[PDB]
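No Cβ is skipped: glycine too gets one built from the backbone with ideal geometry, and neighbour counts run over all protein chains shown. Every number in this text was worked out from the coordinates using simple rules, so none of it is lab data.
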Amino acid sequence: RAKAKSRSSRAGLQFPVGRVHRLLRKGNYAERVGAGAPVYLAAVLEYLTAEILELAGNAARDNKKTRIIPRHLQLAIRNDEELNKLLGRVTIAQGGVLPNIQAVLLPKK
Amino acid sequence: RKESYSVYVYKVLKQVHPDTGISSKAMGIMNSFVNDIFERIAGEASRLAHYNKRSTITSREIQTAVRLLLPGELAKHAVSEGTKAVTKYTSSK
Amino acid sequence: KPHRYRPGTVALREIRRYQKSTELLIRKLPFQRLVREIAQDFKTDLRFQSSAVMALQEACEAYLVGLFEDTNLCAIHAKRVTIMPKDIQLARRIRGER
Amino acid sequence: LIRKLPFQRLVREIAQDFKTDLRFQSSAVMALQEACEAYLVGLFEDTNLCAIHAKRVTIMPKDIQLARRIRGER
Amino acid sequence: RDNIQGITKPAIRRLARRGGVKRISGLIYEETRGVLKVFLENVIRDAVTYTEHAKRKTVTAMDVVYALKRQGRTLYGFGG
Amino acid sequence: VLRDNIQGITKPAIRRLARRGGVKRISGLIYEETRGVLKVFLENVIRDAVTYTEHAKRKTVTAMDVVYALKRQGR
DNA sequence: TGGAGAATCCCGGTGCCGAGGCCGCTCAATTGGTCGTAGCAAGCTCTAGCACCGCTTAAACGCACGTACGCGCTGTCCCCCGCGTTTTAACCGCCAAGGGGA
DNA sequence: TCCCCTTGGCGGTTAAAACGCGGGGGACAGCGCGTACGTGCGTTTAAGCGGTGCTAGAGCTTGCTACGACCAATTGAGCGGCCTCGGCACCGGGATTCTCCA
């Protein structure tokens, strides 16, 4: 019996292809689940996690913070034209709002 | 025993910002995001299967879900990295 | 004679503060009593986890903050600096919510 | 409300950018038009509310922009 | 009991400042209270169905999250 | 090849749609704004309906593909 | 332009507490084998989608012309802000109960 | 019978809400003009309907093997629990900015 090599390792993924396979079965999404569907999906989950975490890691650095706070995730999401499309109807605990004052309200010169 | 993607989110974190950390409160949002986008893709792949009277969630149905669900340049890079992973999986073993 | 800022100066200072902060703006214990007061109509001796009420502040404050932004746009569309109830009524009605 | 043949050419023109030589069922064209008529009729109503707000009688593109921004499309 | 009056004018004012509102009619405070209560009813009602259909007496944060997601207003942070 | 067919929703057609929505008077700037609104909407429903058509490996877009595409825009 | 005073920024010090890492275990993913099946490929039908032609008329459009409605400008006042004073109740701690579940 | 955990009460104390009041500036009504849009009429343009011809391709049938469900054996990846130090906040007071009246 050969030593086990995790399905993530063979796909190169950090995300767990084996768990993603189970969850596609446990969730009763369909009667059957091909061997490739957990690999493709786990790669997309890992990508979208990497996208948001780079923008939030930038926002954290822009505010001199080493840790991503929920604030930095919300700023990253709302400043990105595609993450704000993907999450346009999603609410983030302690995310706050974008600093945004309507120019008509600023003091007149 | 409650299962959380936090260990995998943190491995992705060190591959985009090796210096950067995350709060458990922000991690809870990340875990909520991963679960929410898993559910949305899997739910559309489920519908894609049913619409085509197929019993199997195939990778072709994850791909079409990602093309339906994600916007613009996120969809195209997601389709790329999925197809690479599936290729490496098939080639490796 | 002490100083006094012009009307609208401190409104802008307060906007710039509360659009920068993230902490919750409704008081805690008054919202618990509002939740439990509402819950009484649906079932007696219900309980809420602390996280269940805190989850519910976050949802409704985001709902109110998000509504105010849409009503402010309705105010400035009527060329008003001032939001008024018919702005709330317009915003919700456009949202299919009134 | 919209005429059929020009809306048909409009949807075929749009399709070219997504896949060349697509066919469309006669029923698929009508399901698109009826949805577009229902979308526009139901939007002009939201713009009239924006025009009847601010005391006007006349709808402006500024009203379409406010309607679409509050419906969430912007 | 009328704890909706416990949503004070300053709290509604601060929510409006985060909403970027400069001037607030004094009629807004009673309209905002009425809006909040109408919203908070719908969520608690549906959450209580999840609580009871799971044969619990304690309403849980995930009951709220499922009610919120059912109402189209997905909240991240409290659970997946 | 098809071009310029967005002009095929004529100004009176926009009026008919607007009066059905109760609009009494229409700025001339509404016409170009409505054409932009129509095309941005119609592109999104067509894109997903074609993505369903490709998934079936069909060359014909069907009314059920429209229904699914509209149902998704409903979300 | 000035200026003062009130508001905000930065910089340094202190704390604490939560994130990141470590260790035990488990149970949940992986390996190897079997069996059903499902969907992939071939092949036939015939459906309905596309192209064209020709007539009809009703819808589009160019322009003429007026008036109704948009918008800037003026005046008023009122009513909402901003800041000082008063009051209440919000929040934290600590204890209590009992209530449910095993 | 016994543990856990959610609700209620007690007390202080303290910070935030409530109240008052002057004034200002913005809401809002009234007014003028001009221009921009609805209505009408002659013109044209192409939509829509009746008819003809063809072929692509949807949709169904048939056949078999690939591949995923299933399950028993094996183990290591990942979770629950514990520990510590360093990131971040909050504090204080000096420095810079911004506003408003002169």
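Give me the percent of Cα-Cα pairs in the protein assembly as shown that sit more than 40 Å apart, rounded to a whole number.
Counting every Cα pair in the protein assembly as shown, those more than 40 Å apart make up 32 percent.
Please determine, in degrees from 0 to 90 and to the nearest 10, the orientation of helix D:4-15 with respect to the longest principal axis defined by the Cα atoms of chain D, where the helix direction is its Cα long axis.
80
Please check which bits of the stretch B:67-93 a label hung off A:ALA2 would reach, taking the label as a point 7 Å along Cα-to-C-beta and the cut-off as backbone N under 20 Å.
Taking a point 7 Å out along Cα→Cβ of A:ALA2, the residues of the stretch B:67-93 whose backbone N falls under 20 Å are B:85-93.
Scattering from the C-alpha atoms of chain B alone, worked out with Debye: what is log10 I(q)/I(0) at q = 0.12, 0.18 1/Å?
-0.50, -1.02
Scan chain C and report its longest stretch carrying no GluC sites (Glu not before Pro) that are both in a DSSP loop and have at most 14 other Cβ atoms within 10 Å.
Working: sites that count: C:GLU23, C:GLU97.
It runs C:24-96.
Tell me which residues come under 5 Å, amide H to amide H, from A:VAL90 once H is placed; ignore anything under 5 positions away on its chain.
Excluding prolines and chain starts, which carry no amide H, there are no hits.
Compute the helix-to-body angle for B:72-92: its Cα long axis versus the longest principal axis of chain B, expressed 0 to 90° and rounded to tens.
The two axes meet at around 80 degrees.
Report, in whole Å, the centroid distance computed from the Cα atoms of the stretch A:27-53 and the stretch B:1-74.
6
Give me the distance between the Cα centres of the stretch C:57-91 and the stretch A:69-95, rounded to whole Å.
What the calculation gives is 21 Å, centre to centre.
In a Gaussian network model over chain D where Cα atoms closer than 10 Å are linked, find which of D:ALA28, D:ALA54, D:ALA38 has the largest mean-square fluctuation.
Among D:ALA28, D:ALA54, D:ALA38, the largest GNM mean-square fluctuation belongs to D:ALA54.
Starting from the 7 Å offset along Cα-to-Cβ, what nm value, one decimal, do you get for the label separation of C:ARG13 and D:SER27?
6.7
I want to verify a result. In a Gaussian network model of chain B, Cα cutoff 10 Å, which of these has the top mean-square fluctuation: B:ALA49, B:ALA26, B:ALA78?
With Cα springs under 10 Å in chain B, the top fluctuation among B:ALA49, B:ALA26, B:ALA78 is at B:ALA26.
Evaluate E = 1/(1 + (r/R0)^6) for D:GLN16 and C:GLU37, where r is the Cβ-Cβ distance and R0 equals 45 Å; express this FRET efficiency to the nearest 0.05.
0.15
Can you show me the helix-derived [θ] at 222 nm for chain E, built from DSSP H runs with n ≥ 4 at -39,500 (n - 2.57) apiece and divided by the number of residues, rounded to the nearest 500. Mind dumping the intermediate values first?
Details: 3 runs with 46 residues, N = 80.
Taken over chain E, the calculation gives -19000 deg cm²/dmol.
How far apart, in nm, are two points set 7 Å out from the Cα along the Cα-to-Cβ line at A:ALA103 and at A:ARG32?
According to this spin-label approximation, the distance is 6.0 nm.
Report the FRET efficiency, 1/(1 + (r/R0)^6), for C:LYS28 and E:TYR66, where r is their Cβ-Cβ distance and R0 is 22 Å, rounded to 0.05.
The calculated FRET efficiency here is 0.40.
Can you give the FRET efficiency to the nearest 0.05 for E:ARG1 and A:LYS64, using r as the Cβ-Cβ distance and R₀ = 35 Å? If you can, show how the numbers build up before the last one.
Numbers: r = 47 Å, r/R0 = 1.34.
Result of the calculation: an efficiency of 0.15.
Measuring from centroid to centroid over Cα atoms, what is the spacing of the stretch E:6-34 and the stretch F:34-67 in Å?
Cα centroid of the stretch E:6-34 versus Cα centroid of the stretch F:34-67: 43 Å apart.
What is the fewest-to-most order of F:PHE41, C:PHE48, C:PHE68 by other Cβ atoms lying within 10 Å of their Cβ? Walk me through the numbers on the way to the answer.
On the way: F:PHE41 17, C:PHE48 23, C:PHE68 26.
Going from least to most buried by this count: F:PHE41, C:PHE48, C:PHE68.
Quick one: go through the stretch F:24-67 and flag any residue whose amide nitrogen is under 13 Å from the point 7 Å out along the Cα-to-Cβ line of D:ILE52.
What the label zone holds, given the 13 Å backbone N cut-off, is F:24-25.
So how do B:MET30, D:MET30 line up by other beta-carbon neighbours within 10 Å, fewest first?
Numbers: B:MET30 28, D:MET30 15.
Sorted ascending by nearby Cβ count, the order is D:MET30, B:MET30.
Note down the magnitude of the dipole of chain B about its Cα centre, charges +1 on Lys and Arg C-beta and -1 on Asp and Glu C-beta and zero elsewhere, to the nearest 20 debye.
Values: 15 positive and 8 negative charges, 69 e Å.
Charge dipole, chain B, about its Cα centre: 340 debye, nearest 20.
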